[PDB]
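All Cβ positions, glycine included, derive from the backbone under ideal geometry; neighbour counts span all protein chains shown. Nothing in this text is a laboratory measurement; each read-out follows from the coordinates by a stated rule.
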Amino acid sequence: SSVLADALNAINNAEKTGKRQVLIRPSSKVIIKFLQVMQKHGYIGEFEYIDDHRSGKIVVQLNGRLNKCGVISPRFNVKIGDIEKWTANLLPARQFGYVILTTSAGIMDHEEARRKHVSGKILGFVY
Amino acid sequence: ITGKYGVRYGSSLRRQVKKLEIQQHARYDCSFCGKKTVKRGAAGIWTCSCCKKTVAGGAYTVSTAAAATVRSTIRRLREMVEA
Amino acid sequence: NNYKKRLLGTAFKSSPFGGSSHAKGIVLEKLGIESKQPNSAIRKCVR
Amino acid sequence: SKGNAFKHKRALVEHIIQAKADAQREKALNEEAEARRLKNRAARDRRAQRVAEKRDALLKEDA
Amino acid sequence: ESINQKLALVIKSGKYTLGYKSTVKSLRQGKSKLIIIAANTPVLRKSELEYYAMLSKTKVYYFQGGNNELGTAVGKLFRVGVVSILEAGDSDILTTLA
Amino acid sequence: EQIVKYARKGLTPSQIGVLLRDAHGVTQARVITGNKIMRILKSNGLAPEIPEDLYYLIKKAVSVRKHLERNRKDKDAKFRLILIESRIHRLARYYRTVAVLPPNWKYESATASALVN
RNA sequence: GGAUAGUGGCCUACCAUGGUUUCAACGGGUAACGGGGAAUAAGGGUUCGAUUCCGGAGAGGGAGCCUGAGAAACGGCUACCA
RNA sequence: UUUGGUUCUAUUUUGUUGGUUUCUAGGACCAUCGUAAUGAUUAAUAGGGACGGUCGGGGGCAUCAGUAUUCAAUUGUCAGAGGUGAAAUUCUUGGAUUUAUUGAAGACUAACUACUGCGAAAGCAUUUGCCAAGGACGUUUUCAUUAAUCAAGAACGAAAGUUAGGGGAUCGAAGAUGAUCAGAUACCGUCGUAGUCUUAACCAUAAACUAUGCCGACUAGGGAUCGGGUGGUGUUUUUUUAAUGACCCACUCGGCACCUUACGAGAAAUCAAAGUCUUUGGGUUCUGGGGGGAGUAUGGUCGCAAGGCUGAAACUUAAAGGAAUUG
RNA sequence: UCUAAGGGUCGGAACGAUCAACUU
């Protein structure tokens with residue numbers, strides 16, 4: 001009934017207990033894709049190794065701070081006056097931040113599509 | 001309906017005389033054999049063409065009434081003797 | 001979208017109305033009221 | 001009728017007329033099914049027959 | 001399944017007589033194997049019905065109940081009440097009785 | 001039956017491809033013609049009229065109101081004849097929007113007519 | 001088809017039942033002229049609009065007109081009500 | 001690629017014009033032959049249905065059983081039987097109060113009964129049977145998106161209360177009287193109307209409770225009572241025996257109703273959520289915005305009625321209100 | 001003074017062949 005906060009709210013829902021991560025939704029190009037941008041900037045460990053009905057692709061070890069909770073979010077705007085603003089979601093300007101936006105092109109990160117002046121949807125936000 | 005009995009005599013009465021009314025006609029089963037084609041010429045009487053035969057029809061409804069129990073009770077004692 | 005609710009309302013029509021910095025008007029009667037509980041005095045007012 | 005298939009006899013002649021026609025046409029295009037047993041079955045028996053006239057080997061021997 | 005369930009297979013194979021005259025023919029003619037005579041169906045049209053085939057050559061299992069229904073039994077809905085199953089089926093009309 | 005097209009699983013196997021073959025198996029079997037072989041026999045017959053997943057809801061749901069019709073006091077019978085009902089309807093749609101015509105069946109003599117063969 | 005400076009139910013006739021609506025029709029309310037923009041905004045917003053500038057509409061109410069390139073006119077007539 | 005499949009539109013030259021039927025390809029059309037992995041996401045710890053096993057105080061309808069209640073016919077005798085704090089009102093040489101056979105009537109389902117089973121919810125405990133249902137389990141059976149929550153609209157909805165008939169045991173509003181009080185229209189007797197039961201029809205409210213919306217996630221331990229797996233051991237079926245069988249024990253899982261203790265939540269109390277998120281975040285239905293004035297005024301609708309449903313404003317106050325802690 | 005609507009028998013969407021009238 002909503003694969004996003006579904007699983008990011010299990011990582012989130014986990015590291016607060018503290019541990020070595022667990023299973024999740026089913027896979028999703030998108031799940032796996034956030035469960036990438038995450039690793040690729042740090043935070044999480046190694047996306048994992050399942051394969052079933054749609055249960056396929058991965059589990060995913062924890063590691064590190066990653067505190068706290070991946071951000072799930074449930075709207076979608078972007079660019080210029082935007083992105084910067086919804087960068088108020090962030091846990092503080094001075095670096096730290098990361099807002100896993102959805103960018104017309106690419107499921108990208110607050111900066112990772114700040115990149116080639118991109119924009120669009122607001123998929124989430126990490127640490 | 002009533003209104004047949006036009007706006008004249010009150011209500012509760014109409015009501016009742018409607019209850020028994022719609023019931024004063026159009027039965028509705030074969031107390032002999034066939035289909036719905038009996039009734040109740042007046043009271044007591046109540047013959048049916050799909051046999052052409054008259055049944056002892058109840059009152060304002062040729063449906064025996066309390067002879068439900070009798071239906072049982074009566075023929076029911078017929079149980080004894082001979083079971 | 002949806003949803004409008006209570007509190008302060010548009011319909012108005014009171015007794016000075018003009019939310020006036022006053023209201024001119026002739027001095028019908030000189031009714032010195034009388035204090036409420038706790039305190040107590042002859043509260044000189046005007047109708 | 002016993003309800004109001006009418007409103008002026010020109011109109012029974014009407015619906016009877018039209019109606020009839022339109023229906024006749026509905027059969028007149030349900031013939032399409034014929035079209036679609038023919039222009040397909042032809043190549044069913046033609047794919048079988050073409051599978052025969054392109055690999056007719058053990059047909060002269062068998063048993 | 002029950003006879004009210006056997007006659008439903010019957011109406012998919014066999015030879016449904018459908019009658020009360022054609023019932024008589026069914027019999028006299030000579031083919032009526034069983035004979036499904038409803039309770040409603042008047043005495044004489046039942047005792048003479050009887051006599052007809054109890055003369056010919058057939059066993060007759062007096063019906064269940066309602067005639068108006070004894071038809072819904074054999075589909076129709078038209079209150080039949082004296083069938084003459086004439087040909088075999090996937091039913092136990094040879095075991096309708098013992 | 002087709003629901004019970006797989007009473008085969010009982011004494012044949014194996015659910016059921018055969019009709020394709022993926023995570024296949026290990027036993028005799030003579031391929032697609034082993035399936036089809038008696039898999040066509042199956043219901044001592046065939047079908048398709050329309051449409052099992054309802055040709056059952058409408059049934060249980062049909063006899064389902066004989067009692068309702070006579071009993072009439074088992075209100076704790078209406079409370080379901082509504083549900084087996086709202087169900088029997090809820091199906092239609094995914095056919096009223098696909099498989100069954102575009103009115104009847106998808107509306108059918110539903111409420112009511114014991115159908116239909 | 002009639003009018004229009006000219007589209008068009010604009011108006012005529014003839015013919016057909018249509019068109020809107022809970023995704024809010026219709027109707028009711030506005031101490032309603034609209035938009036510039038005004039006020040207090042961390043942000044998000046509340047609240048305001050007839051001083052100027054655009055666009056509208058009216059010179060007591062209400063119609064109808066002559067004049068003309070242009071007006072249903074205010075600082076022009078005509079009648080009604082006032 | 002292919003007159004066979006027709007069927008157009010008008011261009012180019014014919015000198016010019018127009019009109020022609022030849023082409024002549026250029027659309028679209030049915031055919032024909034030929035090309036190519038020649039066309040169908042998975043089977044959601046989503047949902048629907050199949051199936052078979054079963055469980056249950058689930059639902060309807062019939063019918064069984066029982067004890068008592070109060071009442072009778074005849075009883076045995078004999079001097080009080082009531083009735084509370086203590087009395088009284090009453091019953092009573094009328095045969096009560098206390099027993100004696102028997103039958104009569106409608107309620108009602110004791111005891112077992114709990115740590116709870118079943119139901120959407122209200123609510124559901126005697127017997128047997130007939131009627132149609134329901135979850136959980138068992139498989140991957142069958143489908144493949146069908147779904148999730150819902151203003152509208154609707155089905156069921158305790159008890160009283162209305163309509164009409166049936167009866168009418170018990171208790172028992174109104175109503176009487178008996179005590180009691182300064183005062184008793186009560187609370188304590190005792191009669192007793194209605195009602196209590198019933199069938200066809202209304203009414204749609206309740207502390208209608210778990211005062212806690214529905215769906216899915218995830219977050220932590222143990223015990224105990226319902227279907228499925230295995231070892232089976234434990235004692236008996238099945239008997240000359242085994243085994244099996246029946247209960248039954250132990251380890252599991254499922255889903256149930258519940259209990260006992262950390263992180264984390266809260267104003268507290270407490271909470272297995274009332275948990276997660278700085279202070280979004282998974283989707284939705286709903287209701288709240290100081291007390292009163294009030295669930296009143298008016299309007300429209302529903303109803304037979306009682307009432308239900310919808311539902312204000314004027315004015316009026318600064319506290320009312322939760323939890324906790326002490327007197 | 002005009003316009004329009006609304007029917008019966010015989011022969012194949014037929015025509016009218018023919019017949020007769022109220023009334024809106």
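Ordering F:86, F:32, F:64 by the projection of their Cα atoms onto the charge dipole of chain F, which places +1 on the Cβ of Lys and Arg and -1 on the Cβ of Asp and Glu, puts F:64 at the extreme positive end.
Report the FRET efficiency, 1/(1 + (r/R0)^6), for residue B:64 and residue D:18, where r is their Cβ-Cβ distance and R0 is 45 Å, rounded to 0.05. E between residue B:64 and residue D:18, to the nearest 0.05, is 0.20. How would chain B be classified by its alpha-carbon gyration tensor: rounded, prolate or oblate, with rounded meaning a/c under 1.5 and the a/b versus b/c comparison settling the rest? Oblate, because a/c is 1.5 or more while a/b does not exceed b/c. Residues B:2, A:103, ranked from the fewest to the most other C-beta atoms within 10 Å, line up as B:2, A:103. Placing +1 on the Cβ of every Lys and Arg and -1 on the Cβ of every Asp and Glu, with nothing else charged, gives chain C a dipole about its Cα centre of roughly 200 debye. Percent of Cα-Cα pairs per 10 Å bin, from 0 to the last occupied bin, for the range A:7-46, please list those. So the P(r) values, bin by bin, are 29, 62, 8.
One compactness figure for chain D is 2.44, namely its Cα radius of gyration divided by 2.2 N^0.38 Å. Taking the Cα centre of the range E:2-98 as origin and assigning +1 to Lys and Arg Cβ atoms and -1 to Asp and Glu Cβ atoms, the resulting dipole is close to 300 debye. As a proxy for reagent exposure, E:82, E:10 were ordered by neighbouring Cβ count within 10 angstrom, fewest first; the result is E:10, E:82. Between residue F:28 and residue B:25, the distance separating the two model label sites (each 7 Å from Cα on the Cα→Cβ line) works out to 7.5 nm. Assuming charge only on the beta carbon of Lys and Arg (+1) and of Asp and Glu (-1), the dipole of the protein assembly as shown about its Cα centre is about 2280 debye to the nearest 20. Each label point was placed 7 Å from the Cα along the Cα-to-Cβ direction; for residue B:52 and residue A:30 their separation is 8.2 nm. Ordering C:7, A:35, A:4 from the fewest to the most neighbouring beta carbons within 10 Å gives C:7, A:4, A:35.
Starting from the amide H of residue B:48, placed 1.01 Å from N in the peptide plane, find each other amide H under 5 Å away whose residue is 5 or more places distant or on another chain. Placed amide hydrogens put B:53, B:54, B:55 under 5 Å from residue B:48.
Using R0 = 60 Å, the C-beta based FRET efficiency linking residue C:46 and residue C:5 works out to 0.90. The distance between label points at residue A:48 and residue C:20 comes to 7.9 nm (points 7 Å beyond Cα on the Cα→Cβ vector). Think of the protein assembly as shown as a dipole: +1 on every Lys or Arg Cβ, -1 on every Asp or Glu Cβ, centred on the Cα centre; then among E:43, F:117, A:41, E:43 lies furthest on the positive end. Dividing the summed -39500 (n - 2.57) terms of all DSSP H runs of n ≥ 4 by the residue count of chain B sets its mean residue ellipticity at 222 nm at -8000 deg cm²/dmol. Label the protein assembly as shown by shape, choosing from rounded, prolate and oblate, from the square roots a ≥ b ≥ c of the eigenvalues of the Cα gyration tensor; if a/c is under 1.5 it is rounded, and otherwise prolate applies when a/b is larger than b/c, oblate when it is not. It is oblate, given that a/c is not under 1.5 and a/b is not larger than b/c. When a/c reaches 1.5 or more, the comparison of a/b and b/c decides; with that in mind, is chain A rounded, prolate or oblate per its Cα gyration tensor? The shape class here is prolate. Which listed residue (C:10, C:32, C:45) has the Cα farthest towards the positive end of the charge dipole for chain C, taking +1 on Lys and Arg C-beta and -1 on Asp and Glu C-beta about the Cα centre? Of C:10, C:32, C:45, it is C:10. Take the Cβ atoms of residue F:107 and residue F:63, set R0 to 22 Å, and the FRET efficiency comes out at 0.60. Build a GNM of chain F with springs between Cα atoms under 10 Å apart, and of F:104, F:35, F:44 the one that fluctuates most is F:44.
Note on residue C:24: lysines with a C-alpha under 26 Å away, same-chain residues under 8 apart excluded, are C:13, C:44.
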